[PDB]
Amino acid sequence: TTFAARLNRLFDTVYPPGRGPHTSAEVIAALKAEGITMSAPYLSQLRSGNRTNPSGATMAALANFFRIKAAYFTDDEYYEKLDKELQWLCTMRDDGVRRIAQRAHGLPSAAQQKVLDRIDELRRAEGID
Amino acid sequence: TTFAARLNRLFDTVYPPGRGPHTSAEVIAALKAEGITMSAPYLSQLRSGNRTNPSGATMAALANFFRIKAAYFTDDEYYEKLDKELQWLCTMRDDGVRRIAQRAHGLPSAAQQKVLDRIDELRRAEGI
């Protein structure tokens, strides 16, 4: 929940289909495309963490870039109100979870539950739980 | 499957997190902000299909907004490779499968397999 934390978070979960995440320069690019002078290193130093605490414009820019609200960055709660769906994304990019979802999509609720229950058996078994 | 639909297919699949599908108006405005200009009711009739076969450049600026490639409208290869994969959501979203899918993410490589195995063990109990 540093700046660079929630920032990179975006960088790793929000991006167009058939496609990987945006580059820093891809962001910088879009930033000049709406007329915004942010130095490309000024992205890096902030993603690394060399001097956190950026200004609101500096924040609202890249919130509006990813097309989410900058309350994400400020309000610790919206961060959490969001991150659910936001995590949820990097969930469904996972083959395995895909395969599973696919297969178990045709069982009855009753049988799909055993799956859910079987799932639990294995997280416990891994020390996940 | 025609532009008026392919463009309508996009508003209803591609939209940002914690957000509703994209709006035509906010589509026009967002382009304008680039310095890029486009009519409101052109698009409206465009989406109605009351004016098809648009500028090669009209398609581009428009894909650019949705952050996808322009081929989505021309190239059906890229398309089917998408919208059916874009069709993943509603079938794999809010189903109850939601939890099954989101619990299962944490799992290790071997574990997910045991779950794949467990499913056929359950399908078999019906017919497979």
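Residues numbered from 1 in each chain as written, not as in the entry; some residues may be left out. Chains lettered and ligands numbered in written order. Heavy atoms only, no water.

- Header annotation of the entry names X-ray crystallography as the structure determination method and lists the resolution as 3.300 Å.

Quick look at the interface of chain B and chain A
Logical step 1: Contacts between chain B and chain A engage 41 residues on the former and 43 residues on the latter.
Logical step 2: Contact between chain B and chain A buries roughly 3900 Å² in total, counting both sides, with carbon and sulfur atoms accounting for 68%.
Logical step 3: Looking at the side of chain B facing chain A, the largest losses of area belong to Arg67, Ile100 and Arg103 of chain B, adding up to 19% of the total buried there.
Logical step 4: On inspection of chain B and its partner chain A, the count reaches 1 salt bridge.
Logical step 5: Where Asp129 of chain A meets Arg103 of chain B, a salt bridge forms, and the shortest distance between an N and an O atom there is 3.3 Å.
Logical step 6: Joining chain B to chain A, the criterion identifies 6 residue pairs in polar contact. (Contact = heavy atoms within 4.5 Å. Buried area = accessible area lost by both parts, 1.4 Å probe. Salt bridge = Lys/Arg side-chain N within 4 Å of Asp/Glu carboxyl O. Polar contact = N/O pair within 3.5 Å; in protein donor to acceptor, adjacent residues only side chain to side chain.)

Some details on the nonpolar core
Logical step 1: Of all hydrophobic cores here, the largest spans 24 residues; its most connected members are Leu10, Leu43, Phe66, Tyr72 and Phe73 of chain A.
Logical step 2: Looking at which element gives the most residues to this core, the answer is helix α4 (residues 56-66) of chain A, with 6 residues.
Logical step 3: Contact partners of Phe73 of chain A, with chain neighbours within four places excluded, come to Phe3, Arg6, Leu7, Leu10, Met59, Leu62 and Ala63 of chain A.
Logical step 4: Core analysis: the next-biggest nonpolar cluster, separate from the first, contains 23 residues, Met38, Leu62, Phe73 and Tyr78 of chain B among them. (Core = buried A, V, L, I, M, F, W, Y, C linked by side-chain atoms within 4.5 Å. Buried < 20%, exposed > 50% of the residue type's maximum accessible area, 1.4 Å probe, protein only. Helix = DSSP H or I, 4+ residues; strand = E, 2+ residues; numbered from the N terminus.)

Topic: the UniProt feature "DNA-binding region" in chain B
Logical step 1: On the UniProt side, "DNA-binding region" is annotated at positions that read residues 36-48 of chain B here.
Logical step 2: Strand forms 0% of residues 36-48 of chain B and helix 69%; the C-alpha atoms that close the span are 22 Å apart. (UniProt positions renumbered as here; feature names shortened; annotations may be inferred.)

A few points about empty space enclosed by the protein
Logical step 1: Scanning all chains against the criterion turns up 1 cavity of 30 Å³ or more.
Logical step 2: Of the voids in this model, the largest cavity is the one considered here, and its volume is about 40 Å³.
Logical step 3: Elements represented by at least two residues in the lining of the largest cavity include exactly α6 (76-92) of chain A together with α8 (97-103) of chain B.
Logical step 4: Class assignment for the residues of the lining of the largest cavity results in 6 nonpolar, 2 polar and 2 charged. (1 Å grid on protein atoms, 1.4 Å probe; cavity = no way out; pocket = protein on both sides within 12 Å on 5 of 7 lines; lining within 4 Å. Points joined across faces, edges and corners; volume = space filled by probe spheres on them. Nonpolar A, V, L, I, M, F, W, Y, C, P; charged D, E, K, R; others polar.)

Considerations on the pattern of salt bridges
Logical step 1: Inspection of the entire model under this criterion finds 9 salt bridges over all chains.
Logical step 2: Across the pair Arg19 of chain B and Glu26 of chain B runs a salt bridge, and its minimum N-O distance is 2.3 Å.
Logical step 3: Owing to a relative accessible area of 28%, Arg19 of chain B belongs among the partly exposed residues under this scheme.
Logical step 4: Accessibility expressed as a relative area gives 27% for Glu26 of chain B, which makes it partly exposed.
Logical step 5: One salt-bridge network, held together by shared partners, links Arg123 and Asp129 of chain A together with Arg103 of chain B.

Topic: the packing of aromatic side chains
Residue and element names in this part refer to chain A.
Logical step 1: Scanning the entire structure with this criterion turns up 10 aromatic pairs over all chains.
Logical step 2: Relative to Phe66, the ring of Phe11 lies with its centre 5.5 Å away and its plane at 70°, an arrangement referred to as edge-to-face. In this pair, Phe11 is assigned in helix α1 (residues 3-13) and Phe66 in helix α4, connecting sequence segments 55 residues apart. Considered together, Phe11 and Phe66 belong to a single accessibility category, that of buried residues.
Logical step 3: Consider the rings of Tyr72 and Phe73, whose centres lie 5.1 Å apart with planes at 65°: the pair is edge-to-face. (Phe/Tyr/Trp six-rings, centres within 6.5 Å; stacked < 30°, edge-to-face > 60°.)

Observations concerning the UniProt feature "DNA-binding region" in chain A
Logical step 1: If you check UniProt for "DNA-binding region", the listed places come out as residues 36-48 of chain A in our numbering.
Logical step 2: The span residues 36-48 of chain A shows a helical share of 69% and a strand share of 0%, and its end C-alpha atoms are spaced 21 Å apart.

A few points about the environment of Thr58 of chain A
All names here are of chain A.
Logical step 1: Note on placement: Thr58 falls in helix α4.
Logical step 2: Through-space distance from the C-alpha of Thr58 to that of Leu82 is 21 Å; in sequence the pair is 24 residues apart.
Logical step 3: In this view, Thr58 contacts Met38 and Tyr42; residues no more than four positions away in its chain are not counted.
Logical step 4: At a separation of 2.6 Å, a polar atom in the side chain of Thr58 contacts the side chain of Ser55.

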